[PDB]
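In the order they appear, the protein sequences are chains A and B.
Counting the first sequence from 1 gives a position; the UniProt record's numbering is that position plus 1205.
Counting the second sequence from 1 gives a position; the UniProt record's numbering is that position plus 113.
Where a beta carbon is used, it is the ideal one built from N, C-alpha and C, also for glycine.
Each remark here refers to the structure printed beneath this line.
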Amino acid sequence: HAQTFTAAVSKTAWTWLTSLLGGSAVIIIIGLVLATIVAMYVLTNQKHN
Amino acid sequence: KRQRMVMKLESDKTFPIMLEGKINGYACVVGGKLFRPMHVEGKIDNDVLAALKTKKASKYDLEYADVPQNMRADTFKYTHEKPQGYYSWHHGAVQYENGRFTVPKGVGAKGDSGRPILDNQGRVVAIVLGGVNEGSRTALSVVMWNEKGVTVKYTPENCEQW
């Protein structure tokens, strides 16, 4: 058996790869959410009514 | 009679902004905070205020600065409330309605940005960054303060910078 395309090294390997690649995605999402809510904050501060 | 209104209007003074002997605008102080439009560049007439460190507002196109304590008494008083009617402005009375301030057409141009709007009692209601003529009147891109203690900039469509 020499077939090696995915060849999952370990559960720890995938766990770490998810941790350091995907957590950055979470931080990006948090930043986008903060930007959106502060944009709405500016909108309501200017004229909530 | 408008003569008494003009006399009351012409009482207080502001600090102009100079650029190579040219007055690109005015820099007023209200409530202990120094203000001047960011798009207008120059040197403030008074040296001391010109020495103050200021910070920029990306979406508000003006700078802000804290006046020294020993001079905060000599500042203009503000008003968050804006009753309907006409208000005194340096060039002339401002007739405002529907929350937007209008001036007679042909009044106000470049270099008139930052000049505060005074009420009947002299309290500053809002300051003007620019204006656009749209007919018999000329709407002004003024920035007002809300009752809760916030800052609002009512800018008309495709307004003109001053």
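Which stretch, first to last residue, makes up the beta strand (DSSP E) that contains residue i?
i	result
residue 178 of chain B	175-179
residue 362 of chain B	Since the displayed chain B opens at 114 and closes at 275, residue 362 of chain B lies outside it and no answer follows.
So, at 7 Å on beta carbons, what are the nonlocal neighbours of residue i in its own chain, with the 5 sequence-adjacent residues on each side left out?
i	result
residue 224 of chain B	136, 137, 138, 275
residue 174 of chain B	150, 151, 152, 242
residue 236 of chain B	190, 191, 192
residue 222 of chain B	275
How is the alpha helix (DSSP H) around residue i delimited, first residue to last?
i	result
residue 1238 of chain A	1228-1252
residue 1219 of chain A	1216-1225
residue 121 of chain B	115-122
Since residue i meets chain A, which of its residues come closer than 8 Å, beta carbon to beta carbon?
i	result
residue 263 of chain B	1250, 1251
Which residues in the same chain as residue i place their Cβ atom closer than 6 Å to its Cβ, once the five residues preceding and following it in sequence are excluded?
i	result
residue 122 of chain B	201
residue 214 of chain B	207, 253, 255
residue 257 of chain B	239, 265
residue 178 of chain B	147, 165, 167
In this structure, what does DSSP give as the bridge partners for residue i?
i	result
residue 256 of chain B	B:240, B:266
residue 189 of chain B	B:143
residue 103 of chain B	Because chain B here runs from 114 to 275, residue 103 of chain B falls outside it and cannot be looked at.
residue 251 of chain B	B:216, B:246
residue 1210 of chain A	According to DSSP, residue 1210 of chain A bridges with nothing at all.
Apart from the five residues just before and just after residue i, which ones in its own chain have a Cβ nearer than 8 Å to its Cβ?
i	result
residue 131 of chain B	137, 155, 156, 157, 158
TODO: Tell me the start and end of each unbroken beta strand (DSSP E) in the segment 192-219 of chain B that is at least 3 residues and wholly inside, in chain order.
DONE: 198-202, 206-210, 213-217
TODO: Output the residue ranges of the alpha helix (DSSP H) runs that lie fully inside the segment 130-169 of chain B and measure 4 residues or longer, sorted by chain position.
DONE: 160-163
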